[PDB]
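Asker: First, the structure itself, so that you have it in front of you.
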Amino acid sequence: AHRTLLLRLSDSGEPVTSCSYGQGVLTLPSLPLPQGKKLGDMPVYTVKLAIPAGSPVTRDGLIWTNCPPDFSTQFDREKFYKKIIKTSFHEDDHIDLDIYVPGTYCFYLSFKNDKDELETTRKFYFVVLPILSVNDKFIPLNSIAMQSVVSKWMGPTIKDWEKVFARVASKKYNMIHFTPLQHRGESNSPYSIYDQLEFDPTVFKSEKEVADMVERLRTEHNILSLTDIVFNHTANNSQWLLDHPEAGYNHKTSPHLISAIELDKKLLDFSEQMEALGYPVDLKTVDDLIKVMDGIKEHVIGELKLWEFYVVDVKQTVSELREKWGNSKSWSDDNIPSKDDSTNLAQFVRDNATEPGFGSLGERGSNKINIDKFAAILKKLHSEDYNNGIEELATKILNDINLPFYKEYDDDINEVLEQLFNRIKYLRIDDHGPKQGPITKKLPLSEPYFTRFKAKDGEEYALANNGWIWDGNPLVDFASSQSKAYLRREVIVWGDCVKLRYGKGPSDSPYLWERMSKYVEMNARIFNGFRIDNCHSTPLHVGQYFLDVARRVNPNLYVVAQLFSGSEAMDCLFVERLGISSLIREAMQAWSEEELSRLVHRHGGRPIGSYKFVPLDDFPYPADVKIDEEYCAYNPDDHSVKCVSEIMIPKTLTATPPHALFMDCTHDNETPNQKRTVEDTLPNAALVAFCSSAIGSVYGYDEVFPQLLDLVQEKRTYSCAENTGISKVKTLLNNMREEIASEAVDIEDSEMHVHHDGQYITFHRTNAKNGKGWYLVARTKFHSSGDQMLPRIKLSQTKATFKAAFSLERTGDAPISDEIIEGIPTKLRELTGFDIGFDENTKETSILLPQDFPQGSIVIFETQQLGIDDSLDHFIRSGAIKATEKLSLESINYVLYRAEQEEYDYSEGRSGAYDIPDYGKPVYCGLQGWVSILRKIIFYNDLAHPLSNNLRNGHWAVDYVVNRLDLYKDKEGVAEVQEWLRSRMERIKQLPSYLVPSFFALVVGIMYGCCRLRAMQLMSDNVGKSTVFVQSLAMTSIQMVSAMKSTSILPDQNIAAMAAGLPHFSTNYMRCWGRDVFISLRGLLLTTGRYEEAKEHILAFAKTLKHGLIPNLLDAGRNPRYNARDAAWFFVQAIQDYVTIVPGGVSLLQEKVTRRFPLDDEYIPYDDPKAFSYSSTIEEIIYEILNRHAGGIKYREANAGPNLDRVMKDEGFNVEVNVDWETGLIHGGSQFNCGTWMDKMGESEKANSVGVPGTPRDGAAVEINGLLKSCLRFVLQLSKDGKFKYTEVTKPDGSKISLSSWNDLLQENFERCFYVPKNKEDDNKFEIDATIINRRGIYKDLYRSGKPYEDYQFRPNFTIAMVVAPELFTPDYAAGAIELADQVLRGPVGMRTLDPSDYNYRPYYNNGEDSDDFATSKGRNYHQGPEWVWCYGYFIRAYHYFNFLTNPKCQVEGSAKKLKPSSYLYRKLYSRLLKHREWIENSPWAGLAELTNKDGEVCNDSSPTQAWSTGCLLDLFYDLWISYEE
Ligand SMILES: OC[C@H]1O[C@H](O[C@H]2[C@H](O)[C@@H](O)[C@@H](O[C@H]3[C@H](O)[C@@H](O)[C@@H](O[C@H]4[C@H](O)[C@@H](O)[C@@H](O[C@H]5[C@H](O)[C@@H](O)[C@@H](O)O[C@@H]5CO)O[C@@H]4CO)O[C@@H]3CO)O[C@@H]2CO)[C@H](O)[C@@H](O)[C@@H]1O
Ligand SMILES: OC[C@H]1O[C@H](O[C@H]2[C@H](O)[C@@H](O)[C@@H](O[C@H]3[C@H](O)[C@@H](O)[C@@H](O[C@H]4[C@H](O)[C@@H](O)[C@@H](O[C@H]5[C@H](O)[C@@H](O)[C@@H](O)O[C@@H]5CO)O[C@@H]4CO)O[C@@H]3CO)O[C@@H]2CO)[C@H](O)[C@@H](O)[C@@H]1O
Ligand SMILES: OC[C@H]1O[C@H](O[C@H]2[C@H](O)[C@@H](O)[C@@H](O[C@H]3[C@H](O)[C@@H](O)[C@@H](O[C@H]4[C@H](O)[C@@H](O)[C@@H](O)O[C@@H]4CO)O[C@@H]3CO)O[C@@H]2CO)[C@H](O)[C@@H](O)[C@@H]1O
Ligand SMILES: OC[C@H]1O[C@H](O[C@H]2[C@H](O)[C@@H](O)[C@@H](O[C@H]3[C@H](O)[C@@H](O)[C@@H](O)O[C@@H]3CO)O[C@@H]2CO)[C@H](O)[C@@H](O)[C@@H]1O
């Protein structure tokens, strides 16, 4: 059953995090395998990659990964495997990587540049954890309890070990970590290994004997077993080092050390003969150690000769100049700085006349001049004859060259001295650690830094032995030639053990890499896992290759690291690549009480009432995605990784931080006896145990041992003394955690609260699904620090239960035995007097501690939050699908959207939108409003948000959500949605205040997704199966199309009517504009499948016609206004678009409507007998337009004067349109008029612009005539098929033209009248004036308008003509124009309404301005540089069409040897839509704006969601879809 999760990639192929859980790693769920299935029967998991559509990374895209294809193909980390990415511009690709076996896995993408070179992404790793299991018992990785045992304090039979096993076993540890149990070195450290291939002889003969022992623990005590593995060193005494001295760092491999080796041999040479000189045998004073210090300087620094290791031997160089003088002739070049530049020159000699390896460390005297090249320089520079003070001048240069080399040697040797001051004064004088043993064979001053021996190959050698460095970047091998640590004495040295030089790979040390392979394999097949000692100082590549080896031998290997690299950032990288399962943490490192309350809070779990992830509005809802109809898919034995909802988007795969294994105390930790008090052994151990994480403990901690046990010098066995110290209490803690084990799986599940108060720590450990808590009061004994009274503890809507209490008390001191290691004497006495008090009216629990509660104590309560059971979880995640089942694309508006005024309109003034205290109102009353706010909130777990606050401050939002819908209750399927939301909301309100933010988020998020999946399902497939960006655009339809009370499109009914934009054009006499509806209709209604709707709109506006054209503003068709020339044509174009797209849509034409105005252009009878009086087929309405225009229109706007328009001058009101029969084109309007969409009628007083419009667009508007062309074309093509029945047009004289002629008329005259050619000579043919011009290569915005130059302005309107009727345009001419637009008119999200070069380019729309600026005052600007967004939609459609005809490299050989666009062109289209993708992600409303200000700046007056802004971008998608997608 279902075991997939979904890893969204970005545009750059980077993974996408679903939640901020902070610096993490992509680890997959630690579940067991589904019931029955063994490893390799099936994918363990499957990571779905989801690549976004049209992203750069999909251009010759490819996904490379090293997950093997099948269960048989071994993993090799280097072998990759290809997967082709399917490009769509609409449709995101998805690629499944099946994982068959656990480990670590990367993938990258290869793809093609915009240089057409081949680029790679980084690698992106992800981990699959082992299934730890003991019998038929799955051990989740948070129920590990690991007891570190040291092999050599368990006594000499495997029998006496089985007792130590029994004792841990009874405290219910399930994992034992052994420190290595191999043949030990000479020092007898378990970390100093004599032979990694053989197990300790004292105990085991064979490996069988150890594997069988470990297999006892498994069956005998239910215990899994780790080993320490040691990668960085073997022991001084190993006699494979005789046989392979190359494995370490010596004269041959690491030659830089040659200086450091000589220093070391000449320091144990000293302590020998130091006896015969000065008085430093044994000392106790800083001013008779300074006596040894100068004794050093003389006999060892001095005796290795001013350090020929750094510096040039000037005396040698010079006298070999005198002998080889006269040999490299001269130096011919000009490259020598004059002798005056003492420095510049010496730097020149360094570069040009030195032997390779200059400025190195290595050999005794290996920093050499090229004598002969030097001579040359000197000859050229000074004199050919040596005897003109060359000997001199050569020494000067040579010395200047040695100046940084000598300061290098001095910096180095001061740091040698100070390092030897501070480790003879630590090793031989008490500071923190006295150890005053004077000199020996085996106790000199200098720690042996190198191990010294004659090899089997006969030669002497000296391998560097390993250590650590106080404040060093740990990732930088200090034995490498990068660092001088062995020479500078910066190493803290385990003379015990020898450092192992792995290489770049096995080539550099091949014998080594084989032993370590033989070693790692051997342990891997015995043990369930490893503990990697000192991981951060083991080069990644080494760690990776050897863990891979093991994990080949044992797929379910468990790996635990001691790892502090520099950053969390790094520790993630190591975990990533090595497949580390667990990072180790130490409680004993906490200095104070607070330092511990903090550690505990890192490894606690998430806040109480933390937000829960849902997919919201940044996902694609495939119309065809699975549904889990009442959340019943997941079957408990199948171990299915579950989706959040009914709708089956998978569980996202996000970075979570690496898994922690918290040690109450490690085997390198000073004991609570030492660092605090034995009494703290309890509360410290409980605190840790109460974390949500694995835990462990060293043997003896629970047993209350006194001193940390020295790994080397210790001799004895562990006591057989059963049930000592804390045993009873771990048994309880471990058995308790086991009960919890089953339940909490994922990071979101176990929440918590931690509180430090003085010496008390308080740890609430909740489960977030079901409400079970555990509460712990731990009173620490950091010190014996007196009497403190913790205050009345208060829980909310919670119940409490005493579970246990204890106090650890010191009975006296530790016994003292030569051959047995024992505990401190300790009582563990049970406690009482804890007063639990539940207030039946607050529902508050108060907890009072008795005064008998000595530091060193615990009380555990079990808790249970009130209002949560197992039941809740499911009920919240179900039936949201069946609620929405009755929704329409109208009714979805009501549930989701509804701008505030849209909601005052339904509620006659009293309802509106919810004011969140200290935030303000959301934007839609409906769910979108909330989702827009919640999303960032869920992402950041912001429980501080004003919404988060108000949501527990009370339940008012909860109820607002369910009560809004009273208004829209009768609308289809809203009722049922509301009732889903009431039931879930009702139930939520039975929760503790503090859980209501979390659950309200989820309850909304769920119904929002259901609601949105329901939208894609009812819309067309082209929308249904596309990208987010597109659905997002598509939904904007559902914002705009809803029914009202104050308005409609039919006048007797109120139905679904399309608004121009929210919230400025949504209500009363202002929602519908003929212009806006019909520019939108294709995008929002047709592209999307809402054909039935489109029809209702077309027919509803049809009714309105008069003056042979269609009205601007439509009062649901009753007293509309005809100040609009634009409209009729945009209308007719939609009629075409409909007949084209709708199946059998031709039949629209025969559809009758009530004409609700008479056939002459008679005055307004609103509701006479003369309204529903006579009818009209859409057929004879199209005709009606063409014919009326043909024969001239002329009219004084019905009902003129201040009333119908407050600003229109008297002159303007009466309007004209007349067809110039010389060209066939429509001229009209006047200089006091705005028939076009660029219709600001200037209003300001102080700037003097009243009744004087800013963009009259009289005469031949470009769009209008392009639209006329389209219309003629279409009706002709229709005449041809019986559907239109007209060729008829009477002209204002009486004469009659074939519609077919009119078509042929424009077809020749249009481009002529409108084009402005690039070449000044072609002007003849194209009708113009040179001095009244701006640019060229334009198609002008107007022909013969009221003012000369307003024709010749570059403006984004011609693009409309180019889309609707491209036959008018000679390809190459248009492609040049549309390309200038792209560099000049195209803003980042909208199209500049005027050429920036122009004198009256003022690109900031400020509709408030009361100024004396004729341009800017009261928004005259609107259409003069402001960047409109529907304009981009025409621009981009057009830009694609003509780059696909015109340009060769925009095309390619498609399906069926016919042409389709190339990746190159899509790339350019995609790029010009990124700022729209982003705009819509980050609008608080779904959509794109009306209108932007100069270069993308947000225009505060712009309606922030416009209808046509997205309708026109939907068009483009539909083109690419219909045009090329089969
Ligand atoms: O110049 C370098 C160094 O030398 C001199 O300091 C000496 C110290 O004063 C001396 O005590 C000795 O350190 C002891 C130490 O007393 C003892 O506690 C234990 O060391 C602890 C460290 O105290 C502790 O910080 C921790 O170290 C971490 C380290 O912080 C972490 O970043 C990472 O690198 O891992 C380290 C541990 O692996 O744990 C260690 C024990 O593991 O043992 C030490 C050795 O006996 O060290 C110096 C003499 O050798 C200079 O005076 C001083 O400027 C510098 O500290
Ligand atoms: O009872 C019916 C109704 O009749 C009369 O209405 C008339 C208007 O009062 C009258 O001014 C005229 O309207 C024209 C207007 O002159 C013209 O400028 C244009 O309107 C533009 C705005 O100028 C423009 O700024 C923009 O306004 C947005 C603004 O960007 C936004 O920030 C926010 O403030 O909202 C505004 C929209 O509400 O866009 C509009 C329209 O696109 O076009 C108008 C008509 O074409 O003609 C009206 C005809 O009915 C009465 O005066 C009125 O009181 C009565 O209710
Ligand atoms: O051959 C006899 C040698 O005697 C001397 O060496 C001593 C050192 O001076 C001590 O410092 C000590 O080193 C221990 C170390 O104290 C202990 O913590 C442990 O460290 C592990 C550690 O647990 C692990 O996390 C990782 O860091 O690896 C370490 C293993 O190195 O073990 C250290 C080594 O035993 O003991 C040594 C050995 O007695 C003297 O300096 C030598 O020159 C001399 O040869
Ligand atoms: O001061 C306002 C100014 O506006 C009107 O002139 C217009 C020009 O006709 C128009 O072409 C444009 O001028 C550009 C030139 O044509 C072009 O050759 C090049 O030189 O750049 C000019 C930059 O504007 O500018 C204005 C419209 O904004 C009006 O007719 C003038 O009388 C009036 O003085």
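To be explicit about the labels: the chains of the structure tokens are called A, B, and onward in the order shown, and within each one the residues are counted from 1, while ligands get numbers from 1 in the order they are shown.
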Hey, what does DSSP flag as alpha helix (DSSP H) within region 739-908 of chain A? Can you give it to me as a list in words?

Answerer: residues 739, 740, 741, 871, 872, 873, 874, 875, 876, 880, 881, 882, 883, 884, 891, 892, 893, 894, 895, 896, 900, 901, 902, 903, 904, 905 and 906 of chain A

Asker: Go ahead and save the residues from that selection, with N, CA, C and O atoms, as an mmCIF file, in the first residue's frame.

Answerer:
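The result, written out as selection_3.cif:
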```cif
data_model
loop_
_atom_site.group_PDB
_atom_site.id
_atom_site.type_symbol
_atom_site.label_atom_id
_atom_site.label_comp_id
_atom_site.auth_asym_id
_atom_site.auth_seq_id
_atom_site.Cartn_x
_atom_site.Cartn_y
_atom_site.Cartn_z
ATOM 1 N N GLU A 739 5.595 1.899 25.428
ATOM 2 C CA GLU A 739 4.175 2.180 25.193
ATOM 3 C C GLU A 739 3.920 3.351 24.177
ATOM 4 O O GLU A 739 3.080 3.233 23.286
ATOM 5 N N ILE A 740 4.632 4.460 24.322
ATOM 6 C CA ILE A 740 4.527 5.561 23.379
ATOM 7 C C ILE A 740 5.036 5.216 21.939
ATOM 8 O O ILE A 740 4.534 5.776 20.962
ATOM 9 N N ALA A 741 6.013 4.309 21.813
ATOM 10 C CA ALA A 741 6.750 4.034 20.559
ATOM 11 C C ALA A 741 5.869 3.975 19.362
ATOM 12 O O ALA A 741 6.059 4.709 18.388
ATOM 13 N N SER A 871 -10.280 9.469 17.609
ATOM 14 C CA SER A 871 -11.356 9.907 16.704
ATOM 15 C C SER A 871 -11.127 11.233 15.934
ATOM 16 O O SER A 871 -11.135 11.228 14.726
ATOM 17 N N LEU A 872 -10.952 12.348 16.632
ATOM 18 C CA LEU A 872 -10.768 13.681 16.003
ATOM 19 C C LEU A 872 -9.968 13.703 14.726
ATOM 20 O O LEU A 872 -10.362 14.374 13.742
ATOM 21 N N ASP A 873 -8.821 13.029 14.734
ATOM 22 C CA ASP A 873 -7.910 13.245 13.595
ATOM 23 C C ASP A 873 -8.599 12.974 12.287
ATOM 24 O O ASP A 873 -8.702 13.870 11.442
ATOM 25 N N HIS A 874 -9.078 11.739 12.164
ATOM 26 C CA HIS A 874 -9.838 11.315 11.001
ATOM 27 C C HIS A 874 -11.041 12.213 10.657
ATOM 28 O O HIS A 874 -11.220 12.625 9.539
ATOM 29 N N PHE A 875 -11.864 12.527 11.620
ATOM 30 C CA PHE A 875 -13.080 13.315 11.367
ATOM 31 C C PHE A 875 -12.767 14.670 10.686
ATOM 32 O O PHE A 875 -13.547 15.219 9.929
ATOM 33 N N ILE A 876 -11.620 15.215 11.013
ATOM 34 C CA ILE A 876 -11.207 16.484 10.429
ATOM 35 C C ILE A 876 -10.747 16.320 8.964
ATOM 36 O O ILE A 876 -10.998 17.153 8.087
ATOM 37 N N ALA A 880 -15.057 16.168 3.099
ATOM 38 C CA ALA A 880 -14.980 17.523 2.540
ATOM 39 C C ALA A 880 -15.235 17.425 1.042
ATOM 40 O O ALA A 880 -16.048 18.190 0.481
ATOM 41 N N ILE A 881 -14.571 16.449 0.411
ATOM 42 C CA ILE A 881 -15.014 15.938 -0.875
ATOM 43 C C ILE A 881 -16.533 15.755 -0.985
ATOM 44 O O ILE A 881 -17.146 16.504 -1.746
ATOM 45 N N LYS A 882 -17.177 14.857 -0.225
ATOM 46 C CA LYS A 882 -18.600 14.731 -0.481
ATOM 47 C C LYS A 882 -19.393 16.021 -0.277
ATOM 48 O O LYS A 882 -20.443 16.151 -0.887
ATOM 49 N N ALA A 883 -18.926 16.979 0.539
ATOM 50 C CA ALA A 883 -19.644 18.289 0.696
ATOM 51 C C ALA A 883 -19.656 19.124 -0.553
ATOM 52 O O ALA A 883 -20.712 19.627 -1.019
ATOM 53 N N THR A 884 -18.454 19.238 -1.096
ATOM 54 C CA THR A 884 -18.229 19.992 -2.333
ATOM 55 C C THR A 884 -18.778 19.389 -3.598
ATOM 56 O O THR A 884 -19.058 20.115 -4.516
ATOM 57 N N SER A 891 -21.103 28.669 -7.483
ATOM 58 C CA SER A 891 -21.220 28.542 -6.061
ATOM 59 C C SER A 891 -19.809 28.506 -5.383
ATOM 60 O O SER A 891 -19.647 28.997 -4.216
ATOM 61 N N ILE A 892 -18.797 28.007 -6.095
ATOM 62 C CA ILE A 892 -17.436 28.086 -5.563
ATOM 63 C C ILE A 892 -17.037 29.535 -5.252
ATOM 64 O O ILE A 892 -16.238 29.746 -4.346
ATOM 65 N N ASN A 893 -17.585 30.528 -5.957
ATOM 66 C CA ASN A 893 -17.248 31.941 -5.633
ATOM 67 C C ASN A 893 -17.590 32.267 -4.172
ATOM 68 O O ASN A 893 -16.782 32.841 -3.417
ATOM 69 N N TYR A 894 -18.799 31.855 -3.805
ATOM 70 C CA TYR A 894 -19.382 32.193 -2.534
ATOM 71 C C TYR A 894 -18.590 31.562 -1.385
ATOM 72 O O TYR A 894 -18.286 32.238 -0.395
ATOM 73 N N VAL A 895 -18.211 30.304 -1.535
ATOM 74 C CA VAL A 895 -17.407 29.634 -0.515
ATOM 75 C C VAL A 895 -16.008 30.246 -0.380
ATOM 76 O O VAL A 895 -15.415 30.224 0.703
ATOM 77 N N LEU A 896 -15.454 30.745 -1.476
ATOM 78 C CA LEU A 896 -14.032 31.017 -1.472
ATOM 79 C C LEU A 896 -13.618 32.452 -1.558
ATOM 80 O O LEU A 896 -12.538 32.762 -1.104
ATOM 81 N N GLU A 900 -15.106 42.340 -0.003
ATOM 82 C CA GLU A 900 -15.987 42.790 1.074
ATOM 83 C C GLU A 900 -17.261 43.431 0.580
ATOM 84 O O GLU A 900 -18.310 43.191 1.160
ATOM 85 N N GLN A 901 -17.168 44.227 -0.474
ATOM 86 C CA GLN A 901 -18.327 44.938 -0.963
ATOM 87 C C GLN A 901 -19.257 44.035 -1.668
ATOM 88 O O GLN A 901 -20.457 44.285 -1.697
ATOM 89 N N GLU A 902 -18.695 42.991 -2.259
ATOM 90 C CA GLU A 902 -19.490 41.925 -2.834
ATOM 91 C C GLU A 902 -20.332 41.342 -1.684
ATOM 92 O O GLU A 902 -21.502 41.074 -1.871
ATOM 93 N N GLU A 903 -19.749 41.182 -0.490
ATOM 94 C CA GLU A 903 -20.491 40.686 0.681
ATOM 95 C C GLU A 903 -21.434 41.700 1.369
ATOM 96 O O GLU A 903 -22.481 41.295 1.864
ATOM 97 N N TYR A 904 -21.118 42.994 1.410
ATOM 98 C CA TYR A 904 -22.146 43.961 1.816
ATOM 99 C C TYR A 904 -23.315 43.934 0.846
ATOM 100 O O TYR A 904 -24.446 44.088 1.256
ATOM 101 N N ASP A 905 -23.056 43.708 -0.438
ATOM 102 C CA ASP A 905 -24.147 43.595 -1.424
ATOM 103 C C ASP A 905 -25.135 42.455 -1.163
ATOM 104 O O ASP A 905 -26.311 42.602 -1.419
ATOM 105 N N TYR A 906 -24.664 41.329 -0.657
ATOM 106 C CA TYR A 906 -25.564 40.201 -0.354
ATOM 107 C C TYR A 906 -26.332 40.333 0.967
ATOM 108 O O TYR A 906 -27.416 39.768 1.130
#
```

Asker: Distance limit 7 Å, reference ligand 1, atoms considered: only C-alpha atoms and all ligand atoms. Which residues make the cut? Give them as a ChimeraX atom specification.

Answerer: /A:419,422-423,426,432-433,468-472,474,490,492,564

Asker: Take the residues from that selection and put them in a file with C-alpha atoms, as an mmCIF file, in the first residue's frame.

Answerer:
```cif
data_model
loop_
_atom_site.group_PDB
_atom_site.id
_atom_site.type_symbol
_atom_site.label_atom_id
_atom_site.label_comp_id
_atom_site.auth_asym_id
_atom_site.auth_seq_id
_atom_site.Cartn_x
_atom_site.Cartn_y
_atom_site.Cartn_z
ATOM 1 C CA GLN A 419 52.981 25.192 22.840
ATOM 2 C CA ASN A 422 51.841 25.200 28.000
ATOM 3 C CA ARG A 423 52.078 21.390 27.795
ATOM 4 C CA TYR A 426 50.111 21.183 32.192
ATOM 5 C CA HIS A 432 43.520 21.409 36.183
ATOM 6 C CA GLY A 433 45.433 18.031 35.880
ATOM 7 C CA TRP A 468 43.437 16.665 17.917
ATOM 8 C CA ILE A 469 43.922 20.460 17.911
ATOM 9 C CA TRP A 470 42.464 22.930 20.343
ATOM 10 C CA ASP A 471 40.694 25.461 18.186
ATOM 11 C CA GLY A 472 41.136 24.030 14.695
ATOM 12 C CA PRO A 474 38.329 19.915 12.220
ATOM 13 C CA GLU A 490 49.788 22.183 17.917
ATOM 14 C CA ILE A 492 47.415 16.951 21.368
ATOM 15 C CA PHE A 564 30.767 18.386 15.787
#
```

Asker: Compare A:186, A:1525, A:215, A:341 by their minimum atom-to-atom distance to ligand 3, counting only C-alpha atoms and all ligand atoms, and give me the closest one.

Answerer: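 Going through A:186, A:1525, A:215, A:341 one by one, the smallest distance to ligand 3 is for A:186.
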
Asker: Pick out the residues no farther than 12 Å from ligand 4, counting only C-alpha atoms and all ligand atoms, and list them as an MDAnalysis selection string.

Answerer: chainID A and resid 1254:1255 1329:1336 1340 1346:1354 1394:1402 1414:1415 1424:1425

Asker: Keeping only C-alpha atoms, write the selected residues as a PDB file, in the first residue's frame.

Answerer:
```pdb
ATOM      1  CA  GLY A1254      -6.348  62.636 -21.695  1.00  0.00           C
ATOM      2  CA  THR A1255      -6.529  60.106 -24.568  1.00  0.00           C
ATOM      3  CA  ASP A1329       4.587  63.496 -42.444  1.00  0.00           C
ATOM      4  CA  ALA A1330       8.247  63.164 -41.356  1.00  0.00           C
ATOM      5  CA  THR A1331       8.425  65.980 -38.684  1.00  0.00           C
ATOM      6  CA  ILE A1332       5.247  64.596 -37.038  1.00  0.00           C
ATOM      7  CA  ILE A1333       6.848  61.214 -36.304  1.00  0.00           C
ATOM      8  CA  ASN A1334       8.715  59.635 -33.457  1.00  0.00           C
ATOM      9  CA  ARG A1335      10.078  56.213 -34.189  1.00  0.00           C
ATOM     10  CA  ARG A1336       9.847  53.899 -37.146  1.00  0.00           C
ATOM     11  CA  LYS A1340       0.783  53.576 -35.588  1.00  0.00           C
ATOM     12  CA  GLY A1346      -7.855  64.740 -33.716  1.00  0.00           C
ATOM     13  CA  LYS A1347      -4.212  65.681 -33.096  1.00  0.00           C
ATOM     14  CA  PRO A1348      -1.417  64.993 -35.676  1.00  0.00           C
ATOM     15  CA  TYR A1349       1.280  63.238 -33.615  1.00  0.00           C
ATOM     16  CA  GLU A1350      -1.153  61.135 -31.501  1.00  0.00           C
ATOM     17  CA  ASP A1351      -1.264  58.916 -34.568  1.00  0.00           C
ATOM     18  CA  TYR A1352       2.519  58.365 -34.501  1.00  0.00           C
ATOM     19  CA  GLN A1353       2.935  57.326 -30.886  1.00  0.00           C
ATOM     20  CA  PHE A1354       4.253  53.874 -30.084  1.00  0.00           C
ATOM     21  CA  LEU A1394       2.878  55.022 -23.965  1.00  0.00           C
ATOM     22  CA  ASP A1395       6.474  55.254 -25.291  1.00  0.00           C
ATOM     23  CA  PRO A1396       8.764  56.385 -22.343  1.00  0.00           C
ATOM     24  CA  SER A1397      10.591  58.729 -24.716  1.00  0.00           C
ATOM     25  CA  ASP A1398       7.457  60.898 -25.131  1.00  0.00           C
ATOM     26  CA  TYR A1399       7.174  64.418 -23.584  1.00  0.00           C
ATOM     27  CA  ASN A1400       3.880  63.379 -21.890  1.00  0.00           C
ATOM     28  CA  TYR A1401       5.090  60.046 -20.541  1.00  0.00           C
ATOM     29  CA  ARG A1402       4.129  60.450 -16.935  1.00  0.00           C
ATOM     30  CA  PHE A1414      -2.344  69.182 -16.328  1.00  0.00           C
ATOM     31  CA  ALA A1415      -0.826  65.695 -16.837  1.00  0.00           C
ATOM     32  CA  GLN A1424      -0.001  57.469 -20.527  1.00  0.00           C
ATOM     33  CA  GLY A1425       2.748  55.081 -19.246  1.00  0.00           C
TER      34      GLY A1425
END
```

Asker: May I have the residues within 8 Å of ligand 2, computed using only C-alpha atoms and all ligand atoms, as a PyMOL selection string?

Answerer: chain A and resi 1064-1065+1069-1070+1112-1113+1120-1121+1123-1124+1202-1208+1239-1243+1407+1418-1419+1422+1500-1503

Asker: Determine, using only C-alpha atoms and all ligand atoms, which residues of chain A have any atom at most 6 Å from an atom of ligand 3, and tabulate each with its shortest atom pair and distance in Å to one decimal place, rows ordered by chain and then rising number, as a Markdown table.

Answerer:
```
| residue | atom | partner | partner_atom_place_in_ligand_line | distance |
| --- | --- | --- | --- | --- |
| A:186 | CA | ligand 3 | 1 (O) | 5.9 |
| A:187 | CA | ligand 3 | 1 (O) | 4.6 |
| A:189 | CA | ligand 3 | 35 (O) | 4.4 |
| A:191 | CA | ligand 3 | 30 (C) | 4.5 |
| A:447 | CA | ligand 3 | 43 (O) | 5.1 |
| A:448 | CA | ligand 3 | 43 (O) | 4.7 |
| A:494 | CA | ligand 3 | 31 (O) | 5.3 |
| A:495 | CA | ligand 3 | 43 (O) | 3.8 |
| A:496 | CA | ligand 3 | 38 (C) | 4.6 |
| A:533 | CA | ligand 3 | 25 (O) | 5.3 |
| A:534 | CA | ligand 3 | 26 (C) | 5.8 |
| A:712 | CA | ligand 3 | 35 (O) | 5.8 |
```

Asker: Could you write those residues out with C-alpha atoms, as a compact mmCIF listing (two decimals), in the first residue's frame?

Answerer:
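Okay, this is what ended up in selection33.txt:
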```txt
# COMPACT_ATOMS: atom_id res chain seq x y z
CA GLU A 186 50.31 -1.87 23.36
CA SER A 187 48.75 0.86 25.49
CA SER A 189 43.25 1.45 24.92
CA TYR A 191 40.62 2.82 20.60
CA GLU A 447 55.05 13.36 23.57
CA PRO A 448 56.14 11.01 20.81
CA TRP A 494 47.60 9.96 21.19
CA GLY A 495 51.11 8.46 21.09
CA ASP A 496 49.05 5.30 21.60
CA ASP A 533 34.19 7.73 16.65
CA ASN A 534 35.29 11.27 15.72
CA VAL A 712 43.41 2.90 29.56
```
